[PDB]
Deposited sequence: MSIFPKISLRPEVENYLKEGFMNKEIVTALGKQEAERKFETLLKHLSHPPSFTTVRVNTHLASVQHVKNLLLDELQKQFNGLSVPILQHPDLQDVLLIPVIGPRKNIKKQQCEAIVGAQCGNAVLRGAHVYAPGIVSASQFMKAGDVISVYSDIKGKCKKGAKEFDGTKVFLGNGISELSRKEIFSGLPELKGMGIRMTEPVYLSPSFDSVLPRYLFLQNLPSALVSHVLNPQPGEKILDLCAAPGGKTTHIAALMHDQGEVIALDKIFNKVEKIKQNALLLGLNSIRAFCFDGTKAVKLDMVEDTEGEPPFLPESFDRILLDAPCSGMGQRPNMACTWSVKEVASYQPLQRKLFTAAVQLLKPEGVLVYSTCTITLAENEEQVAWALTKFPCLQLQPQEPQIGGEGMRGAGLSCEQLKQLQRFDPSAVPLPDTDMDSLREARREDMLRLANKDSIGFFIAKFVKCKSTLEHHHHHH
């Protein structure tokens, strides 16, 4: 629709192209088709998902209660607009709010501000512009000025700059609450509101300080993962890469906080964020540790990690990935070496996971990337190296089947869940479109028009 394709390095785009145009897909579909599929994918990745999906913290509040509170909240924020809040029939603890946009009738103001690419993506998903996000602003900007926010998708703007000839993307207009002086004079690492978005291209609710103990903003497949893992109350669960602990706290909430959930991560601050989230949402079965997942298997002779092999009931490998499935992702200035730099680490973490998994246990491997090398290929590799593992069907089944290329069978591909951004056309949700929308169309939209994601389920013998 409104945005161009995702700006990739030629080498990177040709890499992904090599991925989606392999012998198998070409055979089953033909080059003329697969190419358009790939291009459509690249065209969709630049645009936000058409649904704001929020997870309800069932361990503190019910879905109904939270839904009503969010109805009041949306009534407040949107000044009396009428957007619905659907409840997913398959994901019981997930609420869905449709995204209104894009709006092409936004009049660009002369007073401008430039945020980081990440902050831009956040704004497109309904966030305001907080002070640490602004990297550039008009030198004559005062608090209260109606300004136009642009996203530095290339990340080539040097902080403090009064002008920028690089690549900008209009995100919408908002009222400023700081002057350029207040932001860039001296060095105050100040926090708070910088730009209150009043006219965004995509209209979505702001989830900053609203129902912090009841809500958790989370993409549909990410919430789906914990459901697929299917943890039972009283079991022992371990996710090697947990931070900031969305899927962790979800797992804990599914177990009614009755059991043991061990969460690991390499970076300290991230682990602290896990703990903060757990304490916030009221989960007490969560125990977080700063630790290298690859070195989590006990070897030397001595409750904390490392752990003895086959000592966990279920294991979730939410492995680190290229993040190519991220939406909206307008530009990626990465090297190819950087993009494919994850396969070895993923494999190490996988091996460590399998070693730590009890027999008849469940191992869920999940990424938010679209590359074959990090998804289906890893599944084939895993099924080869570990013959004790066996691919399992998943519930609920929401995403598409696995992509051909790794040499798996159709029966094997059907047991995988791959979310494809190019599944459905980009819906230009308007109020008139809202009024005339069948519910099943909205649900199919939420299920299909989502970020890139991949889920695989394994059982040990």
Practice problem: Residue ranges with no C-alpha coordinates, please: along the deposited sequence, counted from 1, in order. | Solution: 1, 304-307, 467-477
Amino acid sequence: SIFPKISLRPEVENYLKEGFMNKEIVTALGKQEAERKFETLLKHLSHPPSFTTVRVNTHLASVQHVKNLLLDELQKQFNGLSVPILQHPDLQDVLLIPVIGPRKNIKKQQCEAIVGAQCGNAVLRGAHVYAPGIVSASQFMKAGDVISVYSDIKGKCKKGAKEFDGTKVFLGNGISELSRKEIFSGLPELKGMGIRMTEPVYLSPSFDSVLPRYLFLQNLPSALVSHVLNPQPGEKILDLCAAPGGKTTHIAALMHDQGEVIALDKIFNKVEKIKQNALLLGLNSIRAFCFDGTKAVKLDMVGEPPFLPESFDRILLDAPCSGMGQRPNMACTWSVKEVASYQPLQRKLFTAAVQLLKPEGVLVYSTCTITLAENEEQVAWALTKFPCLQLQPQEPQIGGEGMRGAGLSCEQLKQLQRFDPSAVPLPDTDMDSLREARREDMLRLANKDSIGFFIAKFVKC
From here on, numbers count along this sequence of modelled residues.
Quiz item: Where the other entries model residues on both sides, is residue 164 skipped in at least a third?
Solution: yes
Self-check item: Missing-residue flag, residue 435, threshold a third of other entries
Solution: yes
Quiz prompt | Mean C-alpha B-factor comparison - 412-420 and 24-32, higher one | solution = 24-32
Exercise. May I ask you to compare 178-186 and 287-295 by their mean CA B factor in the entry and name the higher one?
Key: 178-186
Practice problem: Compare the CA B factors listed in the entry for 64, 429, 46, 394 and report the winner. | Solution: 429
Self-check item: Given 323, 194, 328, 126, the residue at which the Cα B factor reaches its maximum
Solution: 323
Exercise. Give the position of residue 455 by CA B-factor within its chain, expressed as the lowest, middle or highest third.
Key: lowest
Self-check item: residue 96, C-alpha B-factor rank within chain (lowest, middle or highest third)
Solution: lowest
Practice problem: Among all modelled residues of this chain, ranked by Cα B factor, put residue 155 in the bottom, middle or top third, i.e. lowest, middle or highest. | Solution: lowest
Quiz item: Going by what the PDB entry lists, where does residue 307 fall on CA B-factor within its chain: lowest, middle or highest third?
Solution: highest
Practice problem: Grab the CA temperature factor for residue 353 from the record and place it in the lowest, middle or highest third of its chain. | Solution: middle
